[PDB]
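Here you get one chain, nothing else, as structure tokens; it is the form deposited in one PDB entry.
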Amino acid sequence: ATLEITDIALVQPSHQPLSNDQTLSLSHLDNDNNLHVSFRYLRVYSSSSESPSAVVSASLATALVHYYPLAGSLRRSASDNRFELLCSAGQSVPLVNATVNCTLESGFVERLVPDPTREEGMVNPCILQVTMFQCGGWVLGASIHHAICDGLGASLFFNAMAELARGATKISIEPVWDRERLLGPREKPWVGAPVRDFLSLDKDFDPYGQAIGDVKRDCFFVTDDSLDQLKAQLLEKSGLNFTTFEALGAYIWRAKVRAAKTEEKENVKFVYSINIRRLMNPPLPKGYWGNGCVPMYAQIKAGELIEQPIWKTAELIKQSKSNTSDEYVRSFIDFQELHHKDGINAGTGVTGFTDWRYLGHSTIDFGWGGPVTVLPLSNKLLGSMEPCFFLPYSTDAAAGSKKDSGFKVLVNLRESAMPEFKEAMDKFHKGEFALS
């Protein structure tokens, strides 16, 4: 199957917002070395019948009046090498227009969004692609440098585009910058034990350059039935209540570390991102589209994770959220202020988890409805080379039987570990959870 790039549109703001150049500063959350990555993902749309490309391009043009920094260039500052965003009149967001001879089925998927290096993504930190499928339907791909925004910030931007596409006269929320005012370090930096216990310094360590072999991607459908069984059996054995994220998180984390044959005394970490916009005092505004999340962690020696009961692991994950506070965030920022040059990292053995089940995927509607499927292609996230995603429920899941209902889990895992991991997921599917 041949994907043909018909053209690349350089889409400028409808009305140029700048006189002369502006250099925007980024926050210490934005400048985290673990966010120096392009994040690549796509949305699949059902109907193709003006064209999706015409609608997306015109709406991008209008949105860029307020969101013009996405048209900018990331560069290192003159002083501390942290990134800033150079904005100037004439800059654009590239929209790649493509067409393939295929069916949405929802190797080749890699060609649906551009794949810049972290350094290349500095030059072009927001690239979109509209790919038309001959058989019906289309894909919106996005490659966004993670320093510019988190998922919530990208959702503000895309929702602004989408509401304009649906005929809004103006965007309903003015995007806020103010990044240094809102998330700048304290005058006397202070870093508490919860952040210090998590992070270490090593100028010689690249979290995304570890020699673990080729990282493979696989997808597993996990049934609601299986998860109800897991949670009920954990309750019967422990007296304790666990969420899907805690229980399935624990099972996958154990399986992966077991499958990788991690040394017994290696410290391993379960890491996830939490939105702190409303947690800060004072809170970040709704229109704050920069990174407004911090990583939270649970940590344990690998030998203990692989042989302790799942209810203990699930309880560690549950209890991780208790570190989430205004101070945790301030501590995290202050640590970046003190040690950005010193190679801040969470070490080897980090498994990142991202839960996309409970987000408003469906408001990103350009006229063809909400996406039928959403897929992240990136495998470098949260200081992990092996991140896991819980993907949203499809509409077919709510239309179908209870015993058919479930969601896909996308796993990134080193090739050598994948055979055993697949076996662990097959046992899961069979309800052979081996909980203790």
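Quick note: we count residues from 1 along the sequence shown, nothing fancier. Superpose the two forms; the largest set of C-alphas matching within 1.5 Å is the rigid core.
Enquirer: Determine, among the other compared PDB entries that model residues flanking residue 402, whether at least a third leave it unmodelled.
Expert: Across the compared entries, residue 402 is left out in at least a third.
Enquirer: Counting only other entries that model residues on either side of residue 68, is it left out in at least a third?
Expert: Residue 68: modelled in every other compared entry.
Enquirer: Answer with none, 1 to 3, 4 to 9, or 10 or more: how many deposited residues between residue 106 and residue 107 are not present in the coordinates.
Expert: 4 to 9 residues lack coordinates between residue 106 and residue 107.
Enquirer: What does the record say about the segment between residue 49 and residue 50: how many deposited residues are without coordinates (none, 1 to 3, 4 to 9, 10 or more)?
Expert: The entry has 4 to 9 unmodelled residues between residue 49 and residue 50.
Enquirer: Could you check the entry and say whether 409 to 417 or 18 to 26 has the higher mean CA B-factor?
Expert: Mean B over CA atoms: larger for 18 to 26.
Enquirer: Comparing 287 to 295 with 355 to 363, which stretch shows the greater average C-alpha B-factor in the deposited entry?
Expert: Per the deposited B-factors, the answer is 355 to 363.
Enquirer: Sort 67, 45, 39, 390 by C-alpha B-factor from the entry and give me just the highest.
Expert: Highest C-alpha B-factor among the listed options: 45.
Enquirer: In terms of CA temperature factor as recorded, identify the highest of 143, 320, 99, 348.
Expert: Checking the PDB record, the top C-alpha B-factor among 143, 320, 99, 348 is at 99.
Enquirer: Is residue 376 in the lowest, middle or highest third of its chain when residues are ranked by C-alpha B-factor?
Expert: Ranked within chain, residue 376 CA B lands in the middle tercile.
Enquirer: Would you check the entry's CA temperature factor for residue 385 and let me know if it's in the chain's lowest, middle or highest third?
Expert: Lowest third of the chain for residue 385's C-alpha B-factor.
Enquirer: Lowest, middle or highest third: where is residue 61 by C-alpha B factor in its chain?
Expert: Its C-alpha B-factor, which the entry lists for residue 61, ranks in the middle third among residues of this chain.
Enquirer: Would the CA B-factor of residue 162 place it in the lowest, middle or highest third of its chain?
Expert: Middle third of the chain for residue 162's C-alpha B-factor.
Enquirer: Among all modelled residues of this chain, ranked by Cα B factor, put residue 341 in the bottom, middle or top third, i.e. lowest, middle or highest.
Expert: Middle third, going by the recorded CA B-factors of the chain.
Although not depicted, the form solved in complex with a small molecule is the subject of the following passage.
Enquirer: Given the small molecule in the bound PDB entry, answer whether the residues 237, 253 and 386 all have a heavy atom inside 4.5 Å of it.
Expert: Per the other structure, none of 237, 253 and 386 touch the small molecule.
Enquirer: Given a 4.5 Å cut-off on heavy atoms, tell me which of 88 to 96, 257 to 265, 151 to 159, 342 to 350 is the interface stretch with the small molecule in the bound PDB entry.
Expert: In the other structure, the partner sits against 151 to 159.
Enquirer: Is residue 177 part of the interface with the small molecule in the bound PDB entry - any heavy atom within 4.5 Å?
Expert: Result no; residue 177 lies far from the small molecule in the bound PDB entry.
Enquirer: Wondering, does residue 328 line up within 4.5 Å of the small molecule in the bound PDB entry on heavy atoms?
Expert: Judged by the heavy-atom cut-off of 4.5 Å, residue 328 is well away from the small molecule in the bound PDB entry.
Enquirer: Residue 73 near the small molecule in the bound PDB entry, any heavy atom under 4.5 Å?
Expert: Taking the distances in the bound PDB entry, the answer for residue 73 is no, it never comes within 4.5 Å of the small molecule.
Enquirer: Do residue 111 and the small molecule share at least one heavy atom pair within 4.5 Å in the bound PDB entry?
Expert: Residue 111: no contact with the small molecule in the bound PDB entry.
Enquirer: Taking the small molecule in the bound PDB entry as the reference, which of 172, 103, 243, 363 has a non-hydrogen atom within 4.5 Å?
Expert: Of 172, 103, 243, 363, the residue with a heavy atom within 4.5 Å of the small molecule in the bound PDB entry is 243.
Enquirer: Would you kindly say which of 358, 221, 190, 205 lies with a heavy atom within 4.5 Å of the small molecule in the bound PDB entry?
Expert: It is 358 that has a heavy atom within 4.5 Å of the partner.
Enquirer: With the two forms superposed on the core, which of 197, 202, 119, 266 shows a CA shift of 2 angstroms or more between this form and the one not shown?
Expert: If I go through the list carefully, the shifting residue is 119.
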